[PDB]
$ cat upload-v1.txt   # compact mmCIF, N, CA and C atoms and all ligand atoms
# COMPACT_ATOMS: atom_id res chain seq x y z
N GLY L 537 143.07 103.27 74.37
CA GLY L 537 142.99 103.46 72.91
C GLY L 537 142.56 102.18 72.22
N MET L 538 141.25 101.93 72.16
CA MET L 538 140.72 100.68 71.55
C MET L 538 140.70 100.88 70.03
N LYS L 539 140.75 99.79 69.27
CA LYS L 539 140.66 99.84 67.79
C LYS L 539 139.90 98.61 67.29
N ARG L 540 140.32 98.03 66.16
CA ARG L 540 139.68 96.78 65.66
C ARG L 540 140.61 95.98 64.75
N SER L 541 140.31 94.70 64.53
CA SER L 541 141.15 93.83 63.66
C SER L 541 140.37 93.47 62.40
N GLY L 542 141.02 92.81 61.44
CA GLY L 542 140.29 92.36 60.24
C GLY L 542 139.06 91.55 60.62
N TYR L 543 139.24 90.53 61.46
CA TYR L 543 138.09 89.70 61.91
C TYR L 543 137.11 90.59 62.68
N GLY L 544 137.64 91.51 63.49
CA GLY L 544 136.77 92.38 64.31
C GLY L 544 137.08 92.20 65.78
N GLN L 545 137.99 91.28 66.11
CA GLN L 545 138.40 91.05 67.52
C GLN L 545 138.91 92.37 68.11
N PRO L 546 138.13 93.06 68.98
CA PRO L 546 138.53 94.36 69.52
C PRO L 546 139.90 94.25 70.20
N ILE L 547 140.78 95.23 70.00
CA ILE L 547 142.15 95.14 70.57
C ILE L 547 142.50 96.47 71.24
N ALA L 548 143.01 96.42 72.47
CA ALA L 548 143.46 97.65 73.16
C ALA L 548 144.90 97.95 72.71
N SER L 549 145.35 99.19 72.88
CA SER L 549 146.70 99.56 72.39
C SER L 549 147.68 99.67 73.56
N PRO L 550 148.78 98.88 73.60
CA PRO L 550 149.78 99.04 74.65
C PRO L 550 150.01 100.55 74.70
N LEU L 551 149.77 101.24 73.57
CA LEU L 551 149.89 102.68 73.53
C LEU L 551 148.69 103.34 74.18
N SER L 552 148.55 103.09 75.47
CA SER L 552 147.49 103.68 76.29
C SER L 552 148.16 104.58 77.33
N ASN L 553 147.41 105.50 77.98
CA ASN L 553 147.98 106.50 78.88
C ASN L 553 147.38 106.44 80.29
N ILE L 554 148.24 106.24 81.31
CA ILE L 554 147.83 106.27 82.72
C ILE L 554 148.32 107.57 83.33
N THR L 555 147.39 108.34 83.88
CA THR L 555 147.75 109.60 84.49
C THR L 555 147.55 109.59 86.00
N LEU L 556 148.62 109.95 86.71
CA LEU L 556 148.63 110.07 88.15
C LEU L 556 148.60 111.59 88.43
N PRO L 557 148.15 112.05 89.62
CA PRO L 557 148.05 113.47 89.92
C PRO L 557 149.43 114.13 89.81
N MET L 558 149.50 115.46 89.89
CA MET L 558 150.79 116.17 89.71
C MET L 558 151.51 116.30 91.05
N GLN L 559 152.79 115.92 91.11
CA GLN L 559 153.58 116.09 92.36
C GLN L 559 155.06 116.30 91.99
N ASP L 560 155.71 117.30 92.60
CA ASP L 560 157.14 117.58 92.30
C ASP L 560 157.30 117.73 90.79
N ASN L 561 156.35 118.39 90.13
CA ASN L 561 156.38 118.58 88.65
C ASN L 561 156.29 117.23 87.93
N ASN L 562 157.22 116.29 88.14
CA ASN L 562 157.07 115.04 87.35
C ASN L 562 155.71 114.42 87.66
N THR L 563 155.08 113.78 86.67
CA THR L 563 153.78 113.09 86.91
C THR L 563 153.95 111.60 86.63
N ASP L 564 155.19 111.10 86.69
CA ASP L 564 155.46 109.66 86.44
C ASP L 564 155.50 108.91 87.77
N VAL L 565 155.62 109.63 88.88
CA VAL L 565 155.61 108.99 90.23
C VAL L 565 154.82 109.89 91.19
N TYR L 566 153.65 109.45 91.64
CA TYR L 566 152.88 110.24 92.64
C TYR L 566 152.98 109.58 94.01
N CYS L 567 153.30 110.36 95.04
CA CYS L 567 153.40 109.85 96.38
C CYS L 567 152.35 110.43 97.30
N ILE L 568 151.94 109.66 98.28
CA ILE L 568 151.02 110.14 99.29
C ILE L 568 151.81 110.72 100.46
N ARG L 569 151.53 111.98 100.78
CA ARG L 569 152.24 112.67 101.86
C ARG L 569 151.28 113.18 102.93
N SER L 570 150.15 112.50 103.07
CA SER L 570 149.14 112.87 104.05
C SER L 570 148.78 111.71 104.96
N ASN L 571 148.12 112.03 106.07
CA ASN L 571 147.75 111.04 107.08
C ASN L 571 146.66 110.09 106.59
N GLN L 572 145.75 110.58 105.77
CA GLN L 572 144.67 109.75 105.23
C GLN L 572 144.59 109.90 103.72
N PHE L 573 144.10 108.88 103.04
CA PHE L 573 143.92 109.02 101.61
C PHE L 573 142.81 108.15 101.05
N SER L 574 142.32 108.54 99.88
CA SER L 574 141.36 107.74 99.13
C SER L 574 141.81 107.65 97.67
N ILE L 575 141.78 106.47 97.07
CA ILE L 575 142.21 106.34 95.68
C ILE L 575 141.07 105.91 94.77
N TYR L 576 140.84 106.67 93.72
CA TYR L 576 139.79 106.33 92.79
C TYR L 576 140.31 106.18 91.38
N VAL L 577 139.78 105.21 90.66
CA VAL L 577 140.17 105.04 89.27
C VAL L 577 139.00 105.32 88.35
N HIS L 578 139.29 106.11 87.33
CA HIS L 578 138.33 106.52 86.33
C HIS L 578 138.90 106.23 84.97
N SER L 579 138.06 106.06 83.97
CA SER L 579 138.62 105.87 82.65
C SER L 579 137.80 106.45 81.54
N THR L 580 138.49 106.77 80.47
CA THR L 580 137.89 107.24 79.26
C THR L 580 138.28 106.29 78.14
N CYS L 581 137.25 105.85 77.40
CA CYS L 581 137.48 104.95 76.25
C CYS L 581 137.28 105.77 74.96
N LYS L 582 138.39 105.74 74.18
CA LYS L 582 138.40 106.40 72.88
C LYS L 582 138.72 105.33 71.86
N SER L 583 138.31 105.57 70.62
CA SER L 583 138.54 104.59 69.58
C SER L 583 138.98 105.22 68.30
N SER L 584 139.49 104.39 67.41
CA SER L 584 139.97 104.87 66.13
C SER L 584 139.79 103.84 65.05
N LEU L 585 139.74 104.30 63.81
CA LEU L 585 139.75 103.42 62.65
C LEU L 585 141.16 103.47 62.09
N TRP L 586 141.69 104.68 62.10
CA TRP L 586 143.04 105.01 61.71
C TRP L 586 143.91 104.88 62.95
N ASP L 587 145.12 104.41 62.81
CA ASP L 587 145.93 104.27 64.01
C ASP L 587 146.37 105.59 64.64
N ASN L 588 146.23 105.66 65.97
CA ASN L 588 146.66 106.79 66.79
C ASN L 588 146.02 108.15 66.48
N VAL L 589 144.72 108.17 66.26
CA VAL L 589 144.01 109.45 66.08
C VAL L 589 143.11 109.70 67.30
N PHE L 590 142.32 108.69 67.67
CA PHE L 590 141.44 108.72 68.84
C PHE L 590 140.57 109.96 68.96
N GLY J 537 176.10 110.10 86.97
CA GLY J 537 175.70 111.42 86.44
C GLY J 537 174.62 112.04 87.31
N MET J 538 175.01 112.71 88.39
CA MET J 538 174.02 113.32 89.32
C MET J 538 173.58 114.66 88.73
N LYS J 539 172.39 115.13 89.10
CA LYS J 539 171.88 116.45 88.66
C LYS J 539 171.07 117.08 89.78
N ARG J 540 169.95 117.74 89.46
CA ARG J 540 169.07 118.32 90.51
C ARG J 540 167.64 118.52 90.02
N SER J 541 166.68 118.67 90.94
CA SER J 541 165.26 118.87 90.57
C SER J 541 164.83 120.29 90.94
N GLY J 542 163.61 120.69 90.55
CA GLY J 542 163.12 122.02 90.97
C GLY J 542 163.21 122.19 92.47
N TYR J 543 162.67 121.24 93.23
CA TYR J 543 162.73 121.30 94.71
C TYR J 543 164.19 121.26 95.14
N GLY J 544 165.00 120.44 94.47
CA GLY J 544 166.42 120.29 94.85
C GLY J 544 166.73 118.85 95.20
N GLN J 545 165.71 117.98 95.20
CA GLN J 545 165.91 116.54 95.50
C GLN J 545 166.95 115.97 94.53
N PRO J 546 168.21 115.71 94.96
CA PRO J 546 169.26 115.24 94.06
C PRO J 546 168.80 113.96 93.35
N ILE J 547 169.08 113.84 92.05
CA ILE J 547 168.60 112.65 91.28
C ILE J 547 169.75 112.09 90.45
N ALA J 548 169.97 110.78 90.51
CA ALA J 548 171.01 110.14 89.66
C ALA J 548 170.39 109.85 88.29
N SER J 549 171.23 109.66 87.27
CA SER J 549 170.69 109.46 85.90
C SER J 549 170.79 107.99 85.50
N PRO J 550 169.67 107.30 85.18
CA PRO J 550 169.75 105.93 84.69
C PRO J 550 170.85 105.98 83.63
N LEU J 551 171.05 107.16 83.03
CA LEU J 551 172.11 107.35 82.06
C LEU J 551 173.45 107.48 82.76
N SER J 552 173.85 106.41 83.43
CA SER J 552 175.13 106.32 84.12
C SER J 552 175.94 105.23 83.42
N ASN J 553 177.28 105.18 83.63
CA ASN J 553 178.16 104.26 82.90
C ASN J 553 178.96 103.35 83.84
N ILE J 554 178.81 102.02 83.66
CA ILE J 554 179.60 101.01 84.40
C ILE J 554 180.64 100.44 83.46
N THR J 555 181.90 100.54 83.85
CA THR J 555 182.98 100.02 83.03
C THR J 555 183.67 98.83 83.68
N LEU J 556 183.74 97.74 82.91
CA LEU J 556 184.41 96.52 83.29
C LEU J 556 185.73 96.51 82.49
N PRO J 557 186.78 95.78 82.94
CA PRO J 557 188.07 95.78 82.25
C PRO J 557 187.89 95.28 80.82
N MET J 558 188.94 95.37 79.99
CA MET J 558 188.82 94.98 78.56
C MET J 558 189.13 93.49 78.40
N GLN J 559 188.26 92.75 77.71
CA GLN J 559 188.52 91.31 77.43
C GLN J 559 187.85 90.92 76.11
N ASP J 560 188.58 90.22 75.23
CA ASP J 560 188.02 89.80 73.92
C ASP J 560 187.44 91.04 73.22
N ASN J 561 188.15 92.17 73.31
CA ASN J 561 187.69 93.45 72.69
C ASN J 561 186.37 93.92 73.33
N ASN J 562 185.28 93.14 73.28
CA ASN J 562 184.05 93.71 73.89
C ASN J 562 184.32 94.03 75.36
N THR J 563 183.72 95.10 75.88
CA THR J 563 183.88 95.45 77.31
C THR J 563 182.51 95.39 78.00
N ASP J 564 181.56 94.65 77.41
CA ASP J 564 180.20 94.53 78.00
C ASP J 564 180.13 93.26 78.86
N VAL J 565 181.09 92.35 78.69
CA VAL J 565 181.14 91.11 79.52
C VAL J 565 182.60 90.81 79.87
N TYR J 566 182.98 90.94 81.14
CA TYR J 566 184.36 90.59 81.55
C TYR J 566 184.35 89.27 82.32
N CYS J 567 185.23 88.34 81.95
CA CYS J 567 185.32 87.07 82.62
C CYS J 567 186.64 86.89 83.34
N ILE J 568 186.61 86.15 84.42
CA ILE J 568 187.83 85.80 85.12
C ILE J 568 188.39 84.50 84.58
N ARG J 569 189.64 84.53 84.13
CA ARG J 569 190.29 83.36 83.55
C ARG J 569 191.57 83.00 84.29
N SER J 570 191.62 83.34 85.57
CA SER J 570 192.78 83.05 86.41
C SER J 570 192.40 82.29 87.66
N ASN J 571 193.41 81.72 88.31
CA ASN J 571 193.21 80.90 89.50
C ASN J 571 192.77 81.72 90.72
N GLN J 572 193.25 82.95 90.82
CA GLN J 572 192.88 83.82 91.93
C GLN J 572 192.44 85.18 91.41
N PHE J 573 191.58 85.85 92.16
CA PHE J 573 191.21 87.20 91.74
C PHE J 573 190.81 88.10 92.89
N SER J 574 190.88 89.40 92.64
CA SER J 574 190.39 90.40 93.58
C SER J 574 189.53 91.41 92.83
N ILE J 575 188.37 91.78 93.37
CA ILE J 575 187.50 92.74 92.67
C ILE J 575 187.33 94.01 93.47
N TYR J 576 187.61 95.14 92.84
CA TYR J 576 187.47 96.41 93.51
C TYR J 576 186.54 97.34 92.76
N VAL J 577 185.73 98.08 93.50
CA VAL J 577 184.85 99.05 92.87
C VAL J 577 185.25 100.46 93.25
N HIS J 578 185.32 101.30 92.24
CA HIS J 578 185.69 102.69 92.37
C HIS J 578 184.65 103.53 91.68
N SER J 579 184.51 104.78 92.07
CA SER J 579 183.56 105.60 91.35
C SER J 579 183.96 107.04 91.24
N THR J 580 183.45 107.66 90.20
CA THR J 580 183.62 109.07 89.96
C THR J 580 182.24 109.70 89.88
N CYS J 581 182.07 110.78 90.66
CA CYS J 581 180.79 111.51 90.66
C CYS J 581 181.01 112.84 89.89
N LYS J 582 180.16 112.95 88.85
CA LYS J 582 180.15 114.15 88.02
C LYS J 582 178.75 114.71 88.10
N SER J 583 178.62 116.01 87.85
CA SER J 583 177.33 116.64 87.94
C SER J 583 177.10 117.61 86.82
N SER J 584 175.85 118.01 86.65
CA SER J 584 175.49 118.92 85.60
C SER J 584 174.32 119.79 86.00
N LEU J 585 174.21 120.94 85.36
CA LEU J 585 173.05 121.80 85.51
C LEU J 585 172.20 121.59 84.26
N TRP J 586 172.92 121.50 83.15
CA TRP J 586 172.38 121.19 81.84
C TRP J 586 172.37 119.69 81.68
N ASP J 587 171.38 119.14 81.04
CA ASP J 587 171.37 117.69 80.92
C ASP J 587 172.47 117.13 80.01
N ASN J 588 173.12 116.06 80.50
CA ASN J 588 174.14 115.31 79.78
C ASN J 588 175.38 116.08 79.32
N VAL J 589 175.92 116.92 80.19
CA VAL J 589 177.18 117.61 79.88
C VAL J 589 178.29 117.05 80.79
N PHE J 590 178.02 116.99 82.09
CA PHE J 590 178.92 116.42 83.10
C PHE J 590 180.35 116.93 83.02
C1 LIG L 601 148.55 109.15 74.76
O1 LIG L 601 149.29 110.36 74.61
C2 LIG L 601 150.20 110.17 73.54
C3 LIG L 601 151.24 111.26 73.59
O2 LIG L 601 152.15 110.92 74.64
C4 LIG L 601 149.40 110.14 72.25
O3 LIG L 601 150.26 110.14 71.11
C5 LIG L 601 148.57 108.88 72.27
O4 LIG L 601 147.73 108.89 71.12
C6 LIG L 601 147.73 108.82 73.53
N1 LIG L 601 147.19 107.49 73.64
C7 LIG L 601 145.94 107.27 73.99
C8 LIG L 601 145.12 108.47 74.33
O5 LIG L 601 145.48 106.15 74.01
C1 LIG L 602 146.83 90.78 55.81
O1 LIG L 602 147.90 91.69 55.57
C2 LIG L 602 148.21 91.83 54.19
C3 LIG L 602 149.41 92.76 54.04
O2 LIG L 602 149.13 93.99 54.71
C4 LIG L 602 147.01 92.38 53.44
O3 LIG L 602 147.31 92.47 52.04
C5 LIG L 602 145.81 91.48 53.65
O4 LIG L 602 144.65 92.07 53.04
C6 LIG L 602 145.56 91.31 55.14
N1 LIG L 602 144.44 90.41 55.35
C7 LIG L 602 143.59 90.59 56.35
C8 LIG L 602 143.48 91.99 56.87
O5 LIG L 602 142.94 89.67 56.82
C1 LIG L 603 178.32 107.88 79.56
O1 LIG L 603 178.87 107.82 78.25
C2 LIG L 603 177.86 108.25 77.35
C3 LIG L 603 178.26 107.85 75.94
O2 LIG L 603 177.98 106.45 75.83
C4 LIG L 603 177.70 109.75 77.53
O3 LIG L 603 176.83 110.30 76.54
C5 LIG L 603 177.10 109.96 78.90
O4 LIG L 603 177.03 111.37 79.13
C6 LIG L 603 177.95 109.30 79.96
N1 LIG L 603 177.20 109.28 81.19
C7 LIG L 603 177.75 109.58 82.35
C8 LIG L 603 179.22 109.86 82.34
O5 LIG L 603 177.09 109.62 83.36
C1 LIG L 604 157.04 122.33 85.70
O1 LIG L 604 157.15 122.13 84.29
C2 LIG L 604 156.56 123.18 83.52
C3 LIG L 604 156.67 122.85 82.04
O2 LIG L 604 158.05 122.58 81.73
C4 LIG L 604 157.26 124.50 83.83
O3 LIG L 604 156.62 125.56 83.11
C5 LIG L 604 157.20 124.79 85.32
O4 LIG L 604 157.95 125.97 85.62
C6 LIG L 604 157.77 123.61 86.08
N1 LIG L 604 157.68 123.86 87.51
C7 LIG L 604 158.62 123.45 88.35
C8 LIG L 604 159.99 123.27 87.76
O5 LIG L 604 158.39 123.24 89.53
$ encode --input "upload-v1.txt" --output "structure tokens"
Amino acid sequence: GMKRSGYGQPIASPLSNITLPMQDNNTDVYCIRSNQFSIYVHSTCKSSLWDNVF
Amino acid sequence: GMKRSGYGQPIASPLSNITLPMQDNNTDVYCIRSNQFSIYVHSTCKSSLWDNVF
């Protein structure tokens, strides 16, 4: 969740969201339960003028 | 404060309570003010189906 400052210094929001795949319903802890695995990271950048709209 | 998950994996609640003896009214910090001491730990296990009833 990127935004902006008076000067214009771009600032990210500690209020950002990390999503792990779904396991045992909770999605706050994902575990690997297989013999092999591959991990990939992807991201989406959203912005706002107003706080928390994105 | 133990409970249960959909699968059944028993889970304890960070919402658990540790009680120290009473000193200077506050019970969040207990100090030893004697020449000798003995410390014992005891516990009670309570459970719930509904959250926070125990
Ligand atoms: C993340 O999701 C929360 C709801 O938990 C939402 O309020 C917030 O705007 C989102 N933050 C992002 C997408 O940066
Ligand atoms: C700094 O904050 C004050 C109070 O919100 C505001 O009046 C002023 O315009 C701000 N100046 C900036 C954004 O540089
Ligand atoms: C601990 O006491 C709190 C009140 O501070 C209560 O709401 C909570 O259910 C108790 N947790 C236990 C006994 O695990
Ligand atoms: C996972 O959570 C959703 C939303 O609360 C619920 O509909 C679903 O039945 C749950 N599945 C479980 C408990 O495995």
$ residues_near_ligand --input "upload-v1.txt" --ligand "ligand LIG 601 (chain L)" --cutoff "5 Å" --atoms "only N, CA and C atoms and all ligand atoms" --output "list in words"
residues 537, 551, 552, 553 and 588 of chain L
$ closest_atom_pairs --input "upload-v1.txt" --of "chain L" --to "ligand LIG 602 (chain L)" --cutoff "8 Å" --atoms "only N, CA and C atoms and all ligand atoms" --output "CSV"
residue,atom,partner,partner_atom,distance
L:541,C,L:LIG602,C8,6.5
L:542,CA,L:LIG602,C8,4.7
L:543,N,L:LIG602,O5,6.0
$ write_last_selection --input "upload-v1.txt" --atoms "N, CA and C atoms" --output "PDB file, keeping the file's coordinate frame"
ATOM      1  N   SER L 541     140.310  94.700  64.530  1.00  0.00           N
ATOM      2  CA  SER L 541     141.150  93.830  63.660  1.00  0.00           C
ATOM      3  C   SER L 541     140.370  93.470  62.400  1.00  0.00           C
ATOM      4  N   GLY L 542     141.020  92.810  61.440  1.00  0.00           N
ATOM      5  CA  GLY L 542     140.290  92.360  60.240  1.00  0.00           C
ATOM      6  C   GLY L 542     139.060  91.550  60.620  1.00  0.00           C
ATOM      7  N   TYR L 543     139.240  90.530  61.460  1.00  0.00           N
ATOM      8  CA  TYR L 543     138.090  89.700  61.910  1.00  0.00           C
ATOM      9  C   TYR L 543     137.110  90.590  62.680  1.00  0.00           C
TER      10      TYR L 543
END
$ residues_around --input "upload-v1.txt" --residues "residue 589 in chain J" --least-positions-apart "5" --cutoff "12 Å" --atoms "only C-alpha atoms" --output "list in words"
residues 537, 538, 539, 551, 582, 583 and 584 of chain J
$ closest_residue --input "upload-v1.txt" --among "L:540, L:573, L:578, L:560" --to "chain J" --atoms "only N, CA and C atoms"
L:560
$ axis_aligned_box --input "upload-v1.txt" --around "range 563-579 of chain L" --padding-each-side "8 Å" --output "JSON"
{"center_x": 146.7, "center_y": 109.4, "center_z": 94.3, "size_x": 33.8, "size_y": 24.7, "size_z": 41.5}
$ calpha_fit_and_write --input "upload-v1.txt" --fixed "chain L" --moving "chain J" --output "CSV table (one decimal) with N, CA and C atoms, in the coordinates of the input"
chain,number,residue,atom,x,y,z
J,537,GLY,N,143.1,103.3,74.4
J,537,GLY,CA,143.0,103.5,72.9
J,537,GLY,C,142.6,102.2,72.2
J,538,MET,N,141.2,101.9,72.2
J,538,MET,CA,140.7,100.7,71.5
J,538,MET,C,140.7,100.9,70.0
J,539,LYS,N,140.7,99.8,69.3
J,539,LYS,CA,140.7,99.8,67.8
J,539,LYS,C,139.9,98.6,67.3
J,540,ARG,N,140.3,98.0,66.2
J,540,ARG,CA,139.7,96.8,65.7
J,540,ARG,C,140.6,96.0,64.7
J,541,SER,N,140.3,94.7,64.5
J,541,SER,CA,141.1,93.8,63.7
J,541,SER,C,140.4,93.5,62.4
J,542,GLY,N,141.0,92.8,61.4
J,542,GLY,CA,140.3,92.4,60.2
J,542,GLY,C,139.1,91.6,60.6
J,543,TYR,N,139.2,90.5,61.5
J,543,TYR,CA,138.1,89.7,61.9
J,543,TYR,C,137.1,90.6,62.7
J,544,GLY,N,137.6,91.5,63.5
J,544,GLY,CA,136.8,92.4,64.3
J,544,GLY,C,137.1,92.2,65.8
J,545,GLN,N,138.0,91.3,66.1
J,545,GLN,CA,138.4,91.0,67.5
J,545,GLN,C,138.9,92.4,68.1
J,546,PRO,N,138.1,93.1,69.0
J,546,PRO,CA,138.5,94.4,69.5
J,546,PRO,C,139.9,94.2,70.2
J,547,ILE,N,140.8,95.2,70.0
J,547,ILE,CA,142.2,95.1,70.6
J,547,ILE,C,142.5,96.5,71.2
J,548,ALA,N,143.0,96.4,72.5
J,548,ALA,CA,143.5,97.7,73.2
J,548,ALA,C,144.9,97.9,72.7
J,549,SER,N,145.3,99.2,72.9
J,549,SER,CA,146.7,99.6,72.4
J,549,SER,C,147.7,99.7,73.6
J,550,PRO,N,148.8,98.9,73.6
J,550,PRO,CA,149.8,99.0,74.6
J,550,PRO,C,150.0,100.6,74.7
J,551,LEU,N,149.8,101.2,73.6
J,551,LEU,CA,149.9,102.7,73.5
J,551,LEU,C,148.7,103.3,74.2
J,552,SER,N,148.5,103.1,75.5
J,552,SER,CA,147.5,103.7,76.3
J,552,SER,C,148.2,104.6,77.3
J,553,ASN,N,147.4,105.5,78.0
J,553,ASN,CA,148.0,106.5,78.9
J,553,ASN,C,147.4,106.4,80.3
J,554,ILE,N,148.2,106.2,81.3
J,554,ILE,CA,147.8,106.3,82.7
J,554,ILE,C,148.3,107.6,83.3
J,555,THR,N,147.4,108.3,83.9
J,555,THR,CA,147.8,109.6,84.5
J,555,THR,C,147.5,109.6,86.0
J,556,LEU,N,148.6,110.0,86.7
J,556,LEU,CA,148.6,110.1,88.1
J,556,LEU,C,148.6,111.6,88.4
J,557,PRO,N,148.1,112.0,89.6
J,557,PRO,CA,148.1,113.5,89.9
J,557,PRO,C,149.4,114.1,89.8
J,558,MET,N,149.5,115.5,89.9
J,558,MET,CA,150.8,116.2,89.7
J,558,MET,C,151.5,116.3,91.1
J,559,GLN,N,152.8,115.9,91.1
J,559,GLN,CA,153.6,116.1,92.4
J,559,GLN,C,155.1,116.3,92.0
J,560,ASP,N,155.7,117.3,92.6
J,560,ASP,CA,157.1,117.6,92.3
J,560,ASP,C,157.3,117.7,90.8
J,561,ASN,N,156.3,118.4,90.1
J,561,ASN,CA,156.4,118.6,88.7
J,561,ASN,C,156.3,117.2,87.9
J,562,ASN,N,157.2,116.3,88.1
J,562,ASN,CA,157.1,115.0,87.4
J,562,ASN,C,155.7,114.4,87.7
J,563,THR,N,155.1,113.8,86.7
J,563,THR,CA,153.8,113.1,86.9
J,563,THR,C,153.9,111.6,86.6
J,564,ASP,N,155.2,111.1,86.7
J,564,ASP,CA,155.5,109.7,86.4
J,564,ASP,C,155.5,108.9,87.8
J,565,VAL,N,155.6,109.6,88.9
J,565,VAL,CA,155.6,109.0,90.2
J,565,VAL,C,154.8,109.9,91.2
J,566,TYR,N,153.6,109.4,91.6
J,566,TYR,CA,152.9,110.2,92.6
J,566,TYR,C,153.0,109.6,94.0
J,567,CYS,N,153.3,110.4,95.0
J,567,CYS,CA,153.4,109.8,96.4
J,567,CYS,C,152.3,110.4,97.3
J,568,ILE,N,151.9,109.6,98.3
J,568,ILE,CA,151.0,110.1,99.3
J,568,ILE,C,151.8,110.7,100.5
J,569,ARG,N,151.5,112.0,100.8
J,569,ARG,CA,152.2,112.7,101.9
J,569,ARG,C,151.3,113.2,102.9
J,570,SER,N,150.2,112.5,103.1
J,570,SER,CA,149.1,112.9,104.1
J,570,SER,C,148.8,111.7,105.0
J,571,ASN,N,148.1,112.0,106.1
J,571,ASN,CA,147.7,111.0,107.1
J,571,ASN,C,146.7,110.1,106.6
J,572,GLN,N,145.7,110.6,105.8
J,572,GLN,CA,144.7,109.7,105.2
J,572,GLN,C,144.6,109.9,103.7
J,573,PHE,N,144.1,108.9,103.0
J,573,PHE,CA,143.9,109.0,101.6
J,573,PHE,C,142.8,108.1,101.0
J,574,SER,N,142.3,108.5,99.9
J,574,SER,CA,141.4,107.7,99.1
J,574,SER,C,141.8,107.7,97.7
J,575,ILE,N,141.8,106.5,97.1
J,575,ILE,CA,142.2,106.3,95.7
J,575,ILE,C,141.1,105.9,94.8
J,576,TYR,N,140.8,106.7,93.7
J,576,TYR,CA,139.8,106.3,92.8
J,576,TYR,C,140.3,106.2,91.4
J,577,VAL,N,139.8,105.2,90.7
J,577,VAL,CA,140.2,105.0,89.3
J,577,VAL,C,139.0,105.3,88.3
J,578,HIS,N,139.3,106.1,87.3
J,578,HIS,CA,138.3,106.5,86.3
J,578,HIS,C,138.9,106.2,85.0
J,579,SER,N,138.1,106.1,84.0
J,579,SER,CA,138.6,105.9,82.7
J,579,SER,C,137.8,106.5,81.5
J,580,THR,N,138.5,106.8,80.5
J,580,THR,CA,137.9,107.2,79.3
J,580,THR,C,138.3,106.3,78.1
J,581,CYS,N,137.2,105.8,77.4
J,581,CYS,CA,137.5,104.9,76.3
J,581,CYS,C,137.3,105.8,75.0
J,582,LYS,N,138.4,105.7,74.2
J,582,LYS,CA,138.4,106.4,72.9
J,582,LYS,C,138.7,105.3,71.9
J,583,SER,N,138.3,105.6,70.6
J,583,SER,CA,138.5,104.6,69.6
J,583,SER,C,139.0,105.2,68.3
J,584,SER,N,139.5,104.4,67.4
J,584,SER,CA,140.0,104.9,66.1
J,584,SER,C,139.8,103.8,65.0
J,585,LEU,N,139.7,104.3,63.8
J,585,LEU,CA,139.7,103.4,62.7
J,585,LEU,C,141.2,103.5,62.1
J,586,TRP,N,141.7,104.7,62.1
J,586,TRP,CA,143.0,105.0,61.7
J,586,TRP,C,143.9,104.9,62.9
J,587,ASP,N,145.1,104.4,62.8
J,587,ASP,CA,145.9,104.3,64.0
J,587,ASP,C,146.4,105.6,64.6
J,588,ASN,N,146.2,105.7,66.0
J,588,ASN,CA,146.7,106.8,66.8
J,588,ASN,C,146.0,108.1,66.5
J,589,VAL,N,144.7,108.2,66.3
J,589,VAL,CA,144.0,109.4,66.1
J,589,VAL,C,143.1,109.7,67.3
J,590,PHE,N,142.3,108.7,67.7
J,590,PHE,CA,141.4,108.7,68.8
J,590,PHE,C,140.6,110.0,69.0
$ residues_around --input "upload-v1.txt" --residues "residue 566 in chain L" --least-positions-apart "5" --cutoff "8 Å" --atoms "all atoms listed in the file" --output "tab-separated table (two decimals) with N, CA and C atoms, in the frame of the given file"
chain	number	residue	atom	x	y	z
L	556	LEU	N	148.62	109.95	86.71
L	556	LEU	CA	148.63	110.07	88.15
L	556	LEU	C	148.60	111.59	88.43
L	557	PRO	N	148.15	112.05	89.62
L	557	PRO	CA	148.05	113.47	89.92
L	557	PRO	C	149.43	114.13	89.81
L	558	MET	N	149.50	115.46	89.89
L	558	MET	CA	150.79	116.17	89.71
L	558	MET	C	151.51	116.30	91.05
L	559	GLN	N	152.79	115.92	91.11
L	559	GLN	CA	153.58	116.09	92.36
L	559	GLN	C	155.06	116.30	91.99
L	560	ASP	N	155.71	117.30	92.60
L	560	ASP	CA	157.14	117.58	92.30
L	560	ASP	C	157.30	117.73	90.79
$ atom_distance --input "upload-v1.txt" --atom1 "atom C7 of ligand LIG 603 (chain L)" --atom2 "CA of residue 569 in chain J"
29.1 Å
$ closest_residue --input "upload-v1.txt" --among "L:567, L:575, L:585, L:561" --to "chain J" --atoms "all atoms listed in the file"
L:561
$ atom_distance --input "upload-v1.txt" --atom1 "CA of residue 587 in chain J" --atom2 "atom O4 of ligand LIG 604 (chain L)"
16.5 Å
$ closest_residue --input "upload-v1.txt" --among "L:577, L:568, L:547, L:562" --to "chain J" --atoms "only C-alpha atoms"
L:562
$ closest_residue --input "upload-v1.txt" --among "J:563, J:571, J:545, J:580" --to "ligand LIG 603 (chain L)" --atoms "only C-alpha atoms and all ligand atoms"
J:580
$ decode --input "upload-v1.txt" --residues "range 545-562 of chain L" --atoms "C-alpha atoms" --output "JSON list (two decimals), in the first residue's frame"
[["chain", "number", "residue", "atom", "x", "y", "z"],
["L", 545, "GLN", "CA", 9.01, 11.08, -0.48],
["L", 546, "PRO", "CA", 7.09, 7.86, -1.45],
["L", 547, "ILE", "CA", 6.18, 5.85, 1.70],
["L", 548, "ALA", "CA", 5.00, 2.21, 2.03],
["L", 549, "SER", "CA", 2.34, 1.38, 4.68],
["L", 550, "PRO", "CA", 3.23, -1.01, 7.56],
["L", 551, "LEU", "CA", -0.43, -1.64, 6.77],
["L", 552, "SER", "CA", 0.51, -3.99, 3.94],
["L", 553, "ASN", "CA", -0.79, -7.59, 3.40],
["L", 554, "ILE", "CA", 1.27, -10.83, 2.98],
["L", 555, "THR", "CA", -0.74, -13.81, 1.82],
["L", 556, "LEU", "CA", 0.42, -17.40, 2.20],
["L", 557, "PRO", "CA", -1.54, -20.31, 0.55],
["L", 558, "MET", "CA", -4.50, -21.87, 2.45],
["L", 559, "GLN", "CA", -3.74, -24.74, 4.91],
["L", 560, "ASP", "CA", -5.77, -26.08, 7.90],
["L", 561, "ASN", "CA", -8.20, -23.16, 7.22],
["L", 562, "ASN", "CA", -5.93, -20.62, 8.98]]
